[PDB]
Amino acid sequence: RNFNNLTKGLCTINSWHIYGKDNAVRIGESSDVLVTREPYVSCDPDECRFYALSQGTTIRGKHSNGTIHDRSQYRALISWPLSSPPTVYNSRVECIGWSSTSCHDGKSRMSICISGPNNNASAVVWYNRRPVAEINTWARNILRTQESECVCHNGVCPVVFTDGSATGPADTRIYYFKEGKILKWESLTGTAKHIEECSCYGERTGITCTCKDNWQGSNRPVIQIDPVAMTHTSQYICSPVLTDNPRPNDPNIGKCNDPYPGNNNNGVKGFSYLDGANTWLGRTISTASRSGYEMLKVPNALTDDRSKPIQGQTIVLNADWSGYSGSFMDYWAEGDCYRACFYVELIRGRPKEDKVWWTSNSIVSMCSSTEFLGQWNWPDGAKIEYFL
């Protein structure tokens, strides 16, 4: 086995095809399905799996009461087979904590979980299912990380962390791991003014992370990482097609080096694929809440502050709840290009559906096609009334 190298460009994205969907909430109405949130997808060289943070209880279990809560001692990063739901009997625990990232380097998988109280949190880095390194909070204010997969190149797997305020300047760091060991870390540089929950992907040009500015900006900050030199830059997506939520309406001039104003102290984890004329952006349909999801083809969105959509695809209808969204790719697939993929978290329960006392989600996932495929919409599909 060799470390994987990012040697391919992205496949041309002409549409998106269904890749995975677990229907977890539907099935969990009558099955031992774990309550989760903050899910993602990540591939090994021989298998792709669903990942999420469990709440240490099933949905029908009485302990599901109060699972809107973000950070308890009963959370853990679990993984489970593609498109199966996260059950008590099929879920593998990667590590314990309430914020996570995970990626395979071609030889073995690194998983990182953060746990602790707000002022004394710590990250534990697992490599090949063993704890290897630990990192203590540096700002003493909810040390936290990506909530989607990291990406590796020749053994080096960069990870973005934030520690500090969610509503002001915070201390963001980029760590560079190899076999779970810390090679190097650096403070965030560039023009991004606030960084949360980076969604990343890799290709020959390097590693690209699309994140969340929770403080002031409804445009998304971007961090571009060189995994060989172990350095990075940051800015925003220049495009006036704004992709955070909640957000103002799309203007005609975006902002490259500062937050686009209108909504403060809120946001959602999201993603984009930034690739010249092959650029696609994901966003919720609603500008007010985490509902609906669509992909928009926006040529040169990263660099062009006038850029608008020329093609699109609805993923989830606005009538249906969405949530976090993030990127991943099967870096070990056949062919000459990397096929862009993403997942959307379909949040059910609180705060939007408060007739139940829990909060959970299911997953839908798509990958790009070079065909121009017909589109459908993909709801969670559970009826809240059944849980009453």
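Numbering starts at 1 and runs along the sequence shown.
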Inset, instruction - Identify the stretch, either 104-112 or 256-264, whose C-alpha atoms have the larger mean B-factor according to the entry. - result: 256-264
Legend entry - Mean temperature factor over C-alpha atoms, higher-scoring stretch between 355-363 and 330-338: 330-338
Inset, instruction - From the list 251, 270, 227, 86, select the residue with the highest C-alpha B factor recorded in the entry. - result: 227
Legend entry - C-alpha B-factor winner, where the candidates are 180, 282, 164, 292: 164
Inset, instruction - Can you work out whether the C-alpha temperature factor of residue 196 puts it in the lowest, middle or highest third of the chain? - result: lowest
Inset, instruction - Sorting the chain's modelled residues by C-alpha B-factor, tell me whether residue 62 ends up in the lowest, middle or highest third. - result: middle
Legend entry - Third assignment of residue 74 from its chain's C-alpha B-factors: middle
Inset, instruction - Ordered by C-alpha B-factor within the chain, which third holds residue 244? Give me lowest, middle or highest, please. - result: middle
Inset, instruction - Using the B-factors in the PDB entry, rank residue 213's C-alpha atom against the chain and give the third, lowest, middle or highest. - result: middle
